[PDB]
Amino acid sequence: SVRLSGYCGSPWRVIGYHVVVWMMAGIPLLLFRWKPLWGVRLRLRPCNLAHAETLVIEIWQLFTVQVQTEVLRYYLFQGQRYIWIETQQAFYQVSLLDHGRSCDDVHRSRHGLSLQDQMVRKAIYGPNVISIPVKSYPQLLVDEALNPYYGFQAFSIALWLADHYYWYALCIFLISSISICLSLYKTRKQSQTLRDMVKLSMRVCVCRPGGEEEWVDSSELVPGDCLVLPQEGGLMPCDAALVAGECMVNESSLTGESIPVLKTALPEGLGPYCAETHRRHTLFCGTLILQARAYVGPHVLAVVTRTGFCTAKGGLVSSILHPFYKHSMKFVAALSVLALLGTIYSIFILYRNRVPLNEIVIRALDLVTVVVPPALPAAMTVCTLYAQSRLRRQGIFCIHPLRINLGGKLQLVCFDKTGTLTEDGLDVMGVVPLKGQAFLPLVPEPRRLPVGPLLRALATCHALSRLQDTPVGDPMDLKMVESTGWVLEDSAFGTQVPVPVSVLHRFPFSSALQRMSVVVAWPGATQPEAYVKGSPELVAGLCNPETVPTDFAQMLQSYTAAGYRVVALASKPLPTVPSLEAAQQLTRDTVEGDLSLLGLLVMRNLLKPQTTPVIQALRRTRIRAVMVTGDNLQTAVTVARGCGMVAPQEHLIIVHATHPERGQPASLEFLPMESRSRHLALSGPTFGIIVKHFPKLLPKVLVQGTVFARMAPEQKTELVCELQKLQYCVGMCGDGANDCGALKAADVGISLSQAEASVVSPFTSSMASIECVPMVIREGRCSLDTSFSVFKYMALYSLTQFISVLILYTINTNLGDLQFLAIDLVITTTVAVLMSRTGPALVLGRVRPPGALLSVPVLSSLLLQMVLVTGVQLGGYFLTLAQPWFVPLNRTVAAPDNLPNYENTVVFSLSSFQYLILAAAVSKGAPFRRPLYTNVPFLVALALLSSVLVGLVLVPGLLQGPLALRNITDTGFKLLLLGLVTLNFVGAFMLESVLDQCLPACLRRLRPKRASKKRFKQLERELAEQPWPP
Ligand SMILES: CC(C)CCC[C@@H](C)[C@H]1CC[C@H]2[C@@H]3CC=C4C[C@@H](OC(=O)CCC(=O)O)CC[C@]4(C)[C@H]3CC[C@]12C
Ligand SMILES: CC(C)CCC[C@@H](C)[C@H]1CC[C@H]2[C@@H]3CC=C4C[C@@H](OC(=O)CCC(=O)O)CC[C@]4(C)[C@H]3CC[C@]12C
Ligand SMILES: CC(C)CCC[C@@H](C)[C@H]1CC[C@H]2[C@@H]3CC=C4C[C@@H](OC(=O)CCC(=O)O)CC[C@]4(C)[C@H]3CC[C@]12C
Ligand code: ALF
Ligand SMILES: [Mg+2]
């Protein structure tokens, strides 16, 4: 359901809105960006939809759209046009304008569209272009830079500039500015790349009423134009229906398969033309026409049905354009409420301490920046930068490094079959000869055959030509001739190293007979030899019944039930004289009759050598591998059993759904096919029928579905989205244009292609194997572990500084600008960068990292470490006050005037060690990272900073002038402080170990969680309890 709200404008009201939102305050702009309803109710008056100039489109999601008048009122919502029909008084979508018009209606368009008609239809539908918007850098910045965090960072920078904290403000400002500039550049470059990808400019020939023909740009195409298709082929500029002639189309952009698809003219009937019902008569935008035949009439005719975004390619592009962090944000909000409480206490004590008002405000507001660290996201990003560098070294290119963290959450990866799991093209599996009347064993090496009829039939029965000293022609012909070892030189062929045979004539391959004929001869022969090659069931009807085996159909189906490309070959001795004076005057029908079937050639798309190891490694780590292919279900099932997606002990069930016809509803048919433990296999049609008519059975299908074949690109996207609705973290790995929606919609989409799929995918790999998936999963698990560690350190760091500054505020002192700077810059930056440094573990494990920062382990660790930190700091403070040499701090003045003093000195000396202790304690090794002792730079940095601090404590006058520290002459007290920090070190490491070891066991044995939050785990539970298909 949708709702259209109409708003006009008043100039006085427009100026009034602008002044009230600009001169009064800047906050109203952000308030209106957070809810645009108030902004549109203030700036625009409500107007009747017939006069509206602004519409609020709400689907809950709210959108605002400007209404454009040519007259023709219309608007664009997500690339789709909604023209205003005055007679019906509504904004009707242009996709529905000629919906349900008959096949005779399409056929009457074969004479073309006039110029007046084309102009009105271009006014209505627009140009035949997929127009992708590339925003300007200000327009692009308003989206990102208005992040709430960036506002908090701006507030903190302004505060630090008001507080003479210039250097850390400059560091934070530089980091944020470079990050924003990089994000803007990346987004604009990706937009420009996608725009260049979807752009299609070409000259097309359209029929015009009166018999004429006009060459126009493909953008001038409107629904109702009659395209004149080139006989030589080419890219299809729009969606069309064939009304005259036939075509051979490469539909890999829709299916991923380069096999030629035959398109025939639409049938003339009084029934509504449908792109799915008449898919075999429809030419889709972006697909490649290989050749077009005009049997009746001069030229091949197609009637334009959909242009622009209304094409299937346009729908895919629109889906691409218009589709841990939660707990991080909630923890930051909790840090903010703690900031409010600490600010109240700070105001109270500073007013007690007789601090001036402006200084009270500065201190209380600086406490907020203290407890909420402005440098948290950069610290979280450093680990993803390390992971991205490692991945680029391994050949995997990531455009957004923060997407790497999602690799640690993946429980399911979807795979395209062709080019991703299997090779791009077919390979010669063998040739099946015939001895006598029965089949022979399959011969994997056709050149190992003797020099007989079948070898020369494989070698010379084709239509290849030599070009650039390289054979060019039919691809399967090229591969079989490469297999035979014979080299091309009508034509002649030399054996692999026999007698070189020369072709005497050749009859072309026609799509009607779907078979080819040649006539060959050689010196030392008795008579010429004619070869025939084509569809095996069609060649079998021409040979003698005493040559075709009785097991022919069964063997052919056994071959083709696995997705093999069988092609038969036959031959004939001809009583013709061995001369071209009679051999070129043969009619082909006499050659096709009385054949002798020589055998079959079996071609298959082989599984890549890296596929089965990776799939078995994924299944061993309990990650679901799902085949989502555009190919047929038999090939998909065979490849899924081949790559180990379906183990031989496991059961596969085909789910077949039937459309609800007149009088009976849709039904689900389950047919178990002989060889988790239960896998489901279904087609695109079945997937759609289940999505529409069985929405309660759909989750079980998605939880048990392993093979999804014959899927359209939007169906791949829908599968990815429906699996994400089950709370899966979904990965997609594909290499085709039909995979772009699923690669953009997936959490981790890896592109095996460098063209037209690299644009929309977060990750691109230079290797054509799926070995990138375990690499990305390992790097993502390492990055998620490292990000947990860095977040825990920054939280502990924020709290430690909070406790320090509170203890010091209570006595009317502070830490010190240079002590603040040491802690903020030197310690914290060194620690964050060298924590993020370590790489991933070498082995994938079955257990994956936690994806929740609000977990009980994380919160318990933080709380206990902070208890120990607060205890050590308060104990050192109260031990300092108990000393005989201790003197109070002259509370009459405030910091930094009362510095140096013993209290700040001891508090800083303790907390500065605590930062390194917590840094070392939150860091982890196994199972998702390399061992912590291998991080030699980090350990050396910890030791060096510890030695610097031990010098600050022990060596008199060491940096005490700069850091405004007080000299303590009691060496026993300094040794007591060092023993206290050693206590904190040992206690922090023991706390981390005790938690990481015994907290899971206690959480399990104490309160058992029988039900997971994940929807798919609950579905797996209830399927284990009650298996759905009985
Ligand atoms: C406030 C200021 C002073 C902070 C400055 C911090 C920078 C010096 C940090 C932030 C990100 C760090 C980078 C994070 C990622 C990497 C990748 C790393 O290279 C690899 O990981 C290759 C490994 C492989 O391919 O096997 C080299 C260090 C480097 C550039 C780090 C260099 C130091 C950087 C630039
Ligand atoms: C007057 C005082 C308060 C100013 C201190 C100067 C800082 C700008 C210096 C002191 C310590 C320096 C840090 C020393 C250690 C590191 C780790 C280093 O990491 C790497 O080189 C990556 C190599 C790898 O991982 O392979 C990046 C620079 C950085 C953060 C340096 C950034 C600049 C720092 C913060
Ligand atoms: C006055 C100066 C010289 C003080 C020196 C302090 C050092 C003795 C501290 C600083 C950092 C500490 C290191 C911090 C962390 C590690 C990793 C830790 O390894 C493990 O926890 C096992 C599993 C894993 O590596 O993940 C072993 C101790 C060690 C080297 C610590 C050993 C003692 C170190 C070197
Ligand atoms: F390459 Al595919 F489905 F196998 F698009
Ligand atoms: Mg593919």
# chains A, B, ... in the order shown; residues from 1 in each chain; ligands from 1

$ residues_near_ligand --ligand "ligand 5" --cutoff "9 Å" --atoms "only C-alpha atoms and all ligand atoms" --output "PyMOL selection string"
chain A and resi 252+255-257+416-424+629-630+734-739+752-753

$ write_last_selection --atoms "C-alpha atoms" --output "mmCIF file, in the first residue's frame"
data_model
loop_
_atom_site.group_PDB
_atom_site.id
_atom_site.type_symbol
_atom_site.label_atom_id
_atom_site.label_comp_id
_atom_site.auth_asym_id
_atom_site.auth_seq_id
_atom_site.Cartn_x
_atom_site.Cartn_y
_atom_site.Cartn_z
ATOM 1 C CA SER A 252 24.216 -14.733 -20.315
ATOM 2 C CA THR A 255 21.046 -16.437 -17.010
ATOM 3 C CA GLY A 256 24.840 -16.543 -16.877
ATOM 4 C CA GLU A 257 24.882 -19.087 -19.715
ATOM 5 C CA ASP A 416 26.738 -18.913 -8.910
ATOM 6 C CA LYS A 417 27.500 -22.143 -10.745
ATOM 7 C CA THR A 418 29.038 -21.310 -14.125
ATOM 8 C CA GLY A 419 32.339 -19.456 -14.042
ATOM 9 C CA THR A 420 32.293 -19.554 -10.232
ATOM 10 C CA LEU A 421 31.988 -23.220 -9.227
ATOM 11 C CA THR A 422 32.502 -24.670 -12.708
ATOM 12 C CA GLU A 423 34.597 -23.452 -15.620
ATOM 13 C CA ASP A 424 33.414 -20.762 -18.025
ATOM 14 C CA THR A 629 22.301 -20.504 -10.637
ATOM 15 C CA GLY A 630 20.444 -19.443 -13.755
ATOM 16 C CA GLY A 734 29.391 -14.836 -8.590
ATOM 17 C CA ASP A 735 30.992 -13.658 -11.804
ATOM 18 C CA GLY A 736 28.130 -12.505 -14.029
ATOM 19 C CA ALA A 737 25.876 -9.532 -14.694
ATOM 20 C CA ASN A 738 22.960 -11.671 -13.502
ATOM 21 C CA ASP A 739 24.705 -11.861 -10.105
ATOM 22 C CA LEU A 752 35.025 -13.305 -9.524
ATOM 23 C CA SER A 753 34.659 -11.052 -12.582
#

$ residues_around --residues "residue 118 of chain A" --least-positions-apart "3" --cutoff "12 Å" --atoms "only C-alpha atoms" --output "ChimeraX atom specification"
/A:112-115,121-128,206-209,216,219-226,304

$ atom_distance --atom1 "atom CA of residue 469 of chain A" --atom2 "atom CA of residue 457 of chain A"
22.7 Å

$ residues_around --residues "residue 955 of chain A" --least-positions-apart "2" --cutoff "12 Å" --atoms "only C-alpha atoms" --output "list in words"
residues 947, 948, 949, 950, 951, 952, 953, 957, 958, 959, 960, 965, 966, 967, 968, 969, 971 and 974 of chain A

$ residues_near_ligand --ligand "ligand 2" --cutoff "12 Å" --atoms "only C-alpha atoms and all ligand atoms" --output "number ranges by chain"
A: 165-168, 170-171, 379, 382-383, 385-387, 389-390, 816-839, 934-942, 944-945, 948, 959, 962-963

$ write_last_selection --atoms "C-alpha atoms" --output "PDB file, in the first residue's frame"
ATOM      1  CA  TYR A 165      43.755  21.454  23.496  1.00  0.00           C
ATOM      2  CA  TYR A 166      44.831  22.261  19.967  1.00  0.00           C
ATOM      3  CA  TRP A 167      47.002  19.279  19.049  1.00  0.00           C
ATOM      4  CA  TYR A 168      44.560  16.452  19.718  1.00  0.00           C
ATOM      5  CA  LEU A 170      43.987  18.877  15.070  1.00  0.00           C
ATOM      6  CA  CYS A 171      44.669  15.131  15.003  1.00  0.00           C
ATOM      7  CA  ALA A 379      40.634   2.915  15.959  1.00  0.00           C
ATOM      8  CA  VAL A 382      42.637   0.480  11.569  1.00  0.00           C
ATOM      9  CA  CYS A 383      42.112  -3.286  11.847  1.00  0.00           C
ATOM     10  CA  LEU A 385      42.734  -1.368   6.959  1.00  0.00           C
ATOM     11  CA  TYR A 386      45.227  -4.072   7.926  1.00  0.00           C
ATOM     12  CA  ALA A 387      42.818  -6.766   6.728  1.00  0.00           C
ATOM     13  CA  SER A 389      46.031  -4.659   2.863  1.00  0.00           C
ATOM     14  CA  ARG A 390      46.433  -8.383   3.527  1.00  0.00           C
ATOM     15  CA  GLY A 816      47.272  18.400  32.593  1.00  0.00           C
ATOM     16  CA  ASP A 817      47.271  19.321  28.910  1.00  0.00           C
ATOM     17  CA  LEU A 818      50.539  17.504  28.259  1.00  0.00           C
ATOM     18  CA  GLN A 819      49.574  14.491  30.367  1.00  0.00           C
ATOM     19  CA  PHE A 820      46.243  14.471  28.541  1.00  0.00           C
ATOM     20  CA  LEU A 821      48.157  14.697  25.263  1.00  0.00           C
ATOM     21  CA  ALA A 822      50.540  11.877  26.193  1.00  0.00           C
ATOM     22  CA  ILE A 823      47.639   9.584  27.098  1.00  0.00           C
ATOM     23  CA  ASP A 824      45.412  10.607  24.174  1.00  0.00           C
ATOM     24  CA  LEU A 825      48.005  10.609  21.399  1.00  0.00           C
ATOM     25  CA  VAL A 826      51.116   8.614  22.236  1.00  0.00           C
ATOM     26  CA  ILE A 827      49.782   5.728  24.301  1.00  0.00           C
ATOM     27  CA  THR A 828      46.349   5.433  22.707  1.00  0.00           C
ATOM     28  CA  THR A 829      47.417   5.779  19.062  1.00  0.00           C
ATOM     29  CA  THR A 830      50.436   3.482  19.431  1.00  0.00           C
ATOM     30  CA  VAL A 831      48.262   0.925  21.220  1.00  0.00           C
ATOM     31  CA  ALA A 832      45.365   1.022  18.763  1.00  0.00           C
ATOM     32  CA  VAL A 833      47.528   0.808  15.644  1.00  0.00           C
ATOM     33  CA  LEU A 834      49.720  -1.984  17.001  1.00  0.00           C
ATOM     34  CA  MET A 835      46.762  -3.937  18.389  1.00  0.00           C
ATOM     35  CA  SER A 836      45.076  -3.833  14.993  1.00  0.00           C
ATOM     36  CA  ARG A 837      48.308  -5.116  13.453  1.00  0.00           C
ATOM     37  CA  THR A 838      48.157  -8.887  13.898  1.00  0.00           C
ATOM     38  CA  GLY A 839      46.910 -11.134  11.115  1.00  0.00           C
ATOM     39  CA  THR A 934      53.976 -12.979  17.489  1.00  0.00           C
ATOM     40  CA  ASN A 935      52.960  -9.291  17.590  1.00  0.00           C
ATOM     41  CA  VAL A 936      56.549  -8.210  18.193  1.00  0.00           C
ATOM     42  CA  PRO A 937      55.988  -4.508  17.326  1.00  0.00           C
ATOM     43  CA  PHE A 938      53.111  -4.327  19.817  1.00  0.00           C
ATOM     44  CA  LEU A 939      55.024  -6.069  22.608  1.00  0.00           C
ATOM     45  CA  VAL A 940      58.103  -3.920  21.983  1.00  0.00           C
ATOM     46  CA  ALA A 941      55.935  -0.792  22.058  1.00  0.00           C
ATOM     47  CA  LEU A 942      54.292  -1.900  25.307  1.00  0.00           C
ATOM     48  CA  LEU A 944      59.125   0.776  25.654  1.00  0.00           C
ATOM     49  CA  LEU A 945      56.157   2.798  26.914  1.00  0.00           C
ATOM     50  CA  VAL A 948      59.273   5.396  29.793  1.00  0.00           C
ATOM     51  CA  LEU A 959      59.842  14.880  31.780  1.00  0.00           C
ATOM     52  CA  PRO A 962      56.914  19.114  30.590  1.00  0.00           C
ATOM     53  CA  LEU A 963      54.345  16.728  32.106  1.00  0.00           C
TER      54      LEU A 963
END

$ residues_around --residues "segment 976-982 of chain A" --least-positions-apart "3" --cutoff "10 Å" --atoms "only C-alpha atoms" --output "PDB file with N, CA, C and O atoms, in the first residue's frame"
ATOM      1  N   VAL A 869      40.634  -1.197  37.825  1.00  0.00           N
ATOM      2  CA  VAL A 869      41.260   0.093  37.540  1.00  0.00           C
ATOM      3  C   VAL A 869      40.882   1.122  38.599  1.00  0.00           C
ATOM      4  O   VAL A 869      41.738   1.830  39.138  1.00  0.00           O
ATOM      5  N   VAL A 872      42.611   0.285  41.918  1.00  0.00           N
ATOM      6  CA  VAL A 872      44.028   0.627  41.952  1.00  0.00           C
ATOM      7  C   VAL A 872      44.216   2.136  42.045  1.00  0.00           C
ATOM      8  O   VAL A 872      45.046   2.621  42.819  1.00  0.00           O
ATOM      9  N   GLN A 873      43.438   2.906  41.282  1.00  0.00           N
ATOM     10  CA  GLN A 873      43.586   4.356  41.315  1.00  0.00           C
ATOM     11  C   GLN A 873      43.184   4.932  42.665  1.00  0.00           C
ATOM     12  O   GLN A 873      43.894   5.778  43.218  1.00  0.00           O
ATOM     13  N   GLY A 875      43.109   3.297  45.534  1.00  0.00           N
ATOM     14  CA  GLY A 875      44.065   2.839  46.520  1.00  0.00           C
ATOM     15  C   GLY A 875      45.356   3.622  46.484  1.00  0.00           C
ATOM     16  O   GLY A 875      45.909   3.960  47.527  1.00  0.00           O
ATOM     17  N   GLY A 876      45.850   3.932  45.288  1.00  0.00           N
ATOM     18  CA  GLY A 876      47.028   4.773  45.190  1.00  0.00           C
ATOM     19  C   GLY A 876      46.782   6.178  45.696  1.00  0.00           C
ATOM     20  O   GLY A 876      47.639   6.769  46.356  1.00  0.00           O
ATOM     21  N   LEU A 879      46.604   5.919  49.495  1.00  0.00           N
ATOM     22  CA  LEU A 879      47.924   5.638  50.040  1.00  0.00           C
ATOM     23  C   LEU A 879      48.814   6.867  49.985  1.00  0.00           C
ATOM     24  O   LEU A 879      49.659   7.060  50.860  1.00  0.00           O
ATOM     25  N   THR A 880      48.647   7.699  48.957  1.00  0.00           N
ATOM     26  CA  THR A 880      49.395   8.947  48.880  1.00  0.00           C
ATOM     27  C   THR A 880      48.994   9.902  49.993  1.00  0.00           C
ATOM     28  O   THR A 880      49.850  10.561  50.590  1.00  0.00           O
ATOM     29  N   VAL A 906      50.492  11.022  41.244  1.00  0.00           N
ATOM     30  CA  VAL A 906      50.240   9.614  41.518  1.00  0.00           C
ATOM     31  C   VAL A 906      49.119   9.080  40.637  1.00  0.00           C
ATOM     32  O   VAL A 906      49.204   7.965  40.112  1.00  0.00           O
ATOM     33  N   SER A 909      50.568   8.617  37.203  1.00  0.00           N
ATOM     34  CA  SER A 909      51.524   7.521  37.185  1.00  0.00           C
ATOM     35  C   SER A 909      50.828   6.170  37.212  1.00  0.00           C
ATOM     36  O   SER A 909      51.306   5.211  36.598  1.00  0.00           O
ATOM     37  N   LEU A 910      49.700   6.071  37.908  1.00  0.00           N
ATOM     38  CA  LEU A 910      48.969   4.812  37.944  1.00  0.00           C
ATOM     39  C   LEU A 910      48.176   4.589  36.662  1.00  0.00           C
ATOM     40  O   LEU A 910      48.269   3.522  36.043  1.00  0.00           O
ATOM     41  N   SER A 911      47.397   5.586  36.241  1.00  0.00           N
ATOM     42  CA  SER A 911      46.532   5.419  35.084  1.00  0.00           C
ATOM     43  C   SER A 911      47.323   5.209  33.803  1.00  0.00           C
ATOM     44  O   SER A 911      46.872   4.476  32.915  1.00  0.00           O
ATOM     45  N   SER A 912      48.498   5.831  33.683  1.00  0.00           N
ATOM     46  CA  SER A 912      49.306   5.689  32.480  1.00  0.00           C
ATOM     47  C   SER A 912      49.786   4.257  32.303  1.00  0.00           C
ATOM     48  O   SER A 912      49.878   3.763  31.177  1.00  0.00           O
ATOM     49  N   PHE A 913      50.096   3.576  33.404  1.00  0.00           N
ATOM     50  CA  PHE A 913      50.391   2.149  33.338  1.00  0.00           C
ATOM     51  C   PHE A 913      49.135   1.350  33.047  1.00  0.00           C
ATOM     52  O   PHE A 913      49.183   0.353  32.323  1.00  0.00           O
ATOM     53  N   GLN A 914      48.008   1.761  33.628  1.00  0.00           N
ATOM     54  CA  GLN A 914      46.755   1.048  33.418  1.00  0.00           C
ATOM     55  C   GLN A 914      46.372   1.000  31.947  1.00  0.00           C
ATOM     56  O   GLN A 914      45.799   0.011  31.491  1.00  0.00           O
ATOM     57  N   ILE A 917      48.350  -1.754  30.431  1.00  0.00           N
ATOM     58  CA  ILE A 917      47.879  -3.026  30.973  1.00  0.00           C
ATOM     59  C   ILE A 917      46.603  -3.463  30.266  1.00  0.00           C
ATOM     60  O   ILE A 917      46.472  -4.612  29.838  1.00  0.00           O
ATOM     61  N   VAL A 950      58.156   3.921  33.806  1.00  0.00           N
ATOM     62  CA  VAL A 950      58.983   3.562  34.953  1.00  0.00           C
ATOM     63  C   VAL A 950      60.073   4.600  35.166  1.00  0.00           C
ATOM     64  O   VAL A 950      60.461   4.875  36.303  1.00  0.00           O
ATOM     65  N   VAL A 953      58.447   7.530  36.877  1.00  0.00           N
ATOM     66  CA  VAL A 953      58.227   7.281  38.296  1.00  0.00           C
ATOM     67  C   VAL A 953      59.542   7.293  39.069  1.00  0.00           C
ATOM     68  O   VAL A 953      59.619   7.841  40.170  1.00  0.00           O
ATOM     69  N   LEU A 954      60.598   6.707  38.512  1.00  0.00           N
ATOM     70  CA  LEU A 954      61.837   6.475  39.241  1.00  0.00           C
ATOM     71  C   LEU A 954      62.881   7.563  39.019  1.00  0.00           C
ATOM     72  O   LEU A 954      63.494   8.037  39.977  1.00  0.00           O
ATOM     73  N   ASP A 970      60.539   9.645  48.267  1.00  0.00           N
ATOM     74  CA  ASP A 970      60.412   8.364  48.951  1.00  0.00           C
ATOM     75  C   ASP A 970      60.493   7.252  47.916  1.00  0.00           C
ATOM     76  O   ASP A 970      59.565   7.067  47.126  1.00  0.00           O
ATOM     77  N   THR A 971      61.602   6.512  47.913  1.00  0.00           N
ATOM     78  CA  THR A 971      61.748   5.420  46.961  1.00  0.00           C
ATOM     79  C   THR A 971      60.888   4.226  47.347  1.00  0.00           C
ATOM     80  O   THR A 971      60.430   3.487  46.473  1.00  0.00           O
ATOM     81  N   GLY A 972      60.646   4.027  48.641  1.00  0.00           N
ATOM     82  CA  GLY A 972      59.742   2.972  49.057  1.00  0.00           C
ATOM     83  C   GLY A 972      58.328   3.185  48.556  1.00  0.00           C
ATOM     84  O   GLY A 972      57.646   2.234  48.180  1.00  0.00           O
ATOM     85  N   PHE A 973      57.873   4.437  48.524  1.00  0.00           N
ATOM     86  CA  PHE A 973      56.535   4.717  48.023  1.00  0.00           C
ATOM     87  C   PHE A 973      56.457   4.521  46.517  1.00  0.00           C
ATOM     88  O   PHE A 973      55.440   4.052  45.998  1.00  0.00           O
ATOM     89  N   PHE A 985      48.420  -5.272  36.649  1.00  0.00           N
ATOM     90  CA  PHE A 985      48.774  -6.046  35.461  1.00  0.00           C
ATOM     91  C   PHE A 985      48.400  -7.514  35.627  1.00  0.00           C
ATOM     92  O   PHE A 985      47.686  -8.096  34.793  1.00  0.00           O
ATOM     93  N   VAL A 986      48.886  -8.132  36.703  1.00  0.00           N
ATOM     94  CA  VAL A 986      48.605  -9.539  36.956  1.00  0.00           C
ATOM     95  C   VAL A 986      47.108  -9.764  37.099  1.00  0.00           C
ATOM     96  O   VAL A 986      46.560 -10.724  36.553  1.00  0.00           O
ATOM     97  N   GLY A 987      46.421  -8.880  37.822  1.00  0.00           N
ATOM     98  CA  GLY A 987      44.997  -9.050  38.026  1.00  0.00           C
ATOM     99  C   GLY A 987      44.196  -8.906  36.752  1.00  0.00           C
ATOM    100  O   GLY A 987      43.223  -9.622  36.547  1.00  0.00           O
ATOM    101  N   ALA A 988      44.596  -7.990  35.873  1.00  0.00           N
ATOM    102  CA  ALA A 988      43.895  -7.821  34.607  1.00  0.00           C
ATOM    103  C   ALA A 988      44.059  -9.044  33.724  1.00  0.00           C
ATOM    104  O   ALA A 988      43.091  -9.515  33.117  1.00  0.00           O
TER     105      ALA A 988
END

$ select_by_dssp --residues "segment 474-520 of chain A" --states "strand (DSSP E or B)" --output "ChimeraX atom specification"
/A:487-488,491-494,501-507,515-520

$ residues_around --residues "residue 303 of chain A" --least-positions-apart "2" --cutoff "10 Å" --atoms "only C-alpha atoms" --output "MDAnalysis selection string"
chainID A and resid 106:113 206:207 222:228 238:244 266 282:283 301 305:306

$ residues_around --residues "segment 286-294 of chain A" --least-positions-apart "4" --cutoff "10 Å" --atoms "only C-alpha atoms" --output "compact mmCIF listing (two decimals) with C-alpha atoms, in the first residue's frame"
# COMPACT_ATOMS: atom_id res chain seq x y z
CA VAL A 198 24.81 0.75 -17.54
CA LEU A 200 24.18 1.91 -23.77
CA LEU A 229 17.10 -6.23 -36.02
CA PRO A 230 20.47 -6.58 -37.78
CA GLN A 231 21.06 -9.93 -39.43
CA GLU A 232 24.65 -9.95 -38.16
CA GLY A 233 23.45 -9.53 -34.57
CA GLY A 234 24.34 -7.11 -31.83
CA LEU A 235 23.41 -5.96 -28.37
CA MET A 236 19.70 -5.60 -27.65
CA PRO A 237 18.89 -1.94 -26.87
CA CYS A 238 15.55 -2.56 -25.12
CA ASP A 239 12.92 -5.17 -24.34
CA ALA A 244 8.70 -11.37 -37.74
CA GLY A 245 11.65 -13.71 -38.08
CA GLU A 246 13.81 -15.69 -35.68
CA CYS A 247 16.87 -14.92 -33.58
CA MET A 248 19.73 -16.63 -31.77
CA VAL A 249 20.50 -14.81 -28.53
CA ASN A 250 23.27 -14.96 -25.93
CA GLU A 251 21.27 -14.47 -22.72
CA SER A 252 24.22 -14.73 -20.31
CA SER A 253 23.42 -11.27 -18.95
CA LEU A 254 20.18 -12.77 -17.60
CA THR A 255 21.05 -16.44 -17.01
CA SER A 258 26.42 -18.36 -23.11
CA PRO A 260 22.51 -19.68 -27.86
CA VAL A 261 18.80 -19.29 -27.13
CA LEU A 262 16.37 -19.48 -30.05
CA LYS A 263 13.76 -16.72 -30.15
CA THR A 264 10.79 -17.13 -32.48
CA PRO A 298 12.86 -8.61 -45.88
CA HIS A 299 14.05 -8.10 -42.31
CA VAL A 300 13.57 -9.22 -38.71
CA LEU A 301 11.01 -7.23 -36.73
CA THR A 311 13.36 -3.39 -18.78
CA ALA A 312 14.50 -6.47 -16.88
CA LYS A 313 18.01 -5.01 -16.92
CA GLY A 314 16.46 -1.76 -15.75
CA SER A 511 18.54 -23.80 -36.87
CA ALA A 737 25.88 -9.53 -14.69

$ closest_residue --among "A:19, A:265, A:570, A:332" --to "residue 280 of chain A" --atoms "only C-alpha atoms"
A:265

$ residues_around --residues "residue 617 of chain A" --least-positions-apart "6" --cutoff "10 Å" --atoms "only C-alpha atoms" --output "short mmCIF file (atom, residue, chain, number, x, y, z; two decimals) with N, CA and C atoms, in the first residue's frame"
data_model
loop_
_atom_site.label_atom_id
_atom_site.label_comp_id
_atom_site.auth_asym_id
_atom_site.auth_seq_id
_atom_site.Cartn_x
_atom_site.Cartn_y
_atom_site.Cartn_z
N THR A 611 37.13 -25.93 -6.29
CA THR A 611 35.77 -25.78 -5.80
C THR A 611 35.48 -26.75 -4.67
N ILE A 623 29.30 -23.83 7.65
CA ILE A 623 28.82 -22.71 6.85
C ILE A 623 28.03 -23.27 5.68
N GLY A 644 30.28 -31.37 -3.60
CA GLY A 644 30.09 -31.67 -2.21
C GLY A 644 29.10 -30.79 -1.48
N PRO A 774 37.06 -18.60 1.69
CA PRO A 774 37.72 -18.86 2.98
C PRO A 774 38.71 -17.78 3.37
N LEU A 844 40.58 -22.19 9.57
CA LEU A 844 39.19 -21.93 9.91
C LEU A 844 38.70 -22.92 10.95
N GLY A 845 37.97 -22.41 11.95
CA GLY A 845 37.38 -23.23 12.97
C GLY A 845 35.87 -23.27 12.83
N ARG A 846 35.26 -24.20 13.56
CA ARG A 846 33.81 -24.32 13.52
C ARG A 846 33.12 -23.20 14.29
#

$ closest_residue --among "A:991, A:141, A:633, A:842" --to "ligand 4" --atoms "only C-alpha atoms and all ligand atoms"
A:633

$ select_by_dssp --residues "segment 453-585 of chain A" --states "helix (DSSP H, G or I)" --output "ChimeraX atom specification"
/A:453-460,475-484,536-539,552-560,580-583
